[PDB]
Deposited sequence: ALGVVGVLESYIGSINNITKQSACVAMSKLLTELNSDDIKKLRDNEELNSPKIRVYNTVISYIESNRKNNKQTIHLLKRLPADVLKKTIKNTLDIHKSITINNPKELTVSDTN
């Protein structure tokens, strides 16, 4: 029984017998845990027209959908084509690596 991140990574890679249902439940937990205010800091630090801006805004929208309608957002994730779900999860795992911390905080200067 892996944790949230391990379950999601397993689903992306089609290993450890993780089902789409378990992945979407775990994804909902990850979206709850992620701090959307910190993602907005990352987004605002991008140069304008950076393709990352759209990614950050997608994860931000999914956090808001998950916060309003938890179980419907899980169903929405289950309805997504597998390849679209996996891209959304991968982007969300990437943001998790960038913002998880015990904090107020700033954004790094390197590029």
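S.K.: Which runs of the deposited chain sequence never show up in the coordinates?
M.R.: In the chain as deposited, only 104-105 carries no coordinates.
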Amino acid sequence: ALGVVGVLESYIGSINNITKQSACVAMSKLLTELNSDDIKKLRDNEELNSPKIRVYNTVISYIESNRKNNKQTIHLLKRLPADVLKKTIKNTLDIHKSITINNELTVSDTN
From here on, numbers count along this sequence of modelled residues.
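S.K.: Identify the stretch, either 13-21 or 85-93, whose C-alpha atoms have the larger mean B-factor according to the entry.
M.R.: Comparing averages over the C-alpha atoms only gives 13-21.
S.K.: Which third, lowest, middle or highest, does the C-alpha temperature factor of residue 75 belong to within its own chain?
M.R.: Residue 75: CA B-factor falls in the lowest third of its chain.
S.K.: Taking the entry's C-alpha B-factors for this chain, is residue 28 in the lowest, middle or highest third?
M.R.: It belongs to the lowest third of the chain when residues are ordered by C-alpha B-factor.
S.K.: Should residue 5 be placed in the lowest, middle or highest third of its chain by the C-alpha B factor in the entry?
M.R.: According to the entry, residue 5 has a C-alpha B-factor in the chain's middle third.
S.K.: Could you say whether, by C-alpha temperature factor, residue 102 belongs to the lowest, middle or highest third of its chain?
M.R.: Its C-alpha B-factor belongs to the highest third of this chain's values.
S.K.: Would you mind checking where the Cα B-factor of residue 37 ranks among the modelled residues of its chain, as the lowest, middle or highest third?
M.R.: As the PDB entry reports it, the C-alpha B-factor of residue 37 lands in the highest third of its chain.
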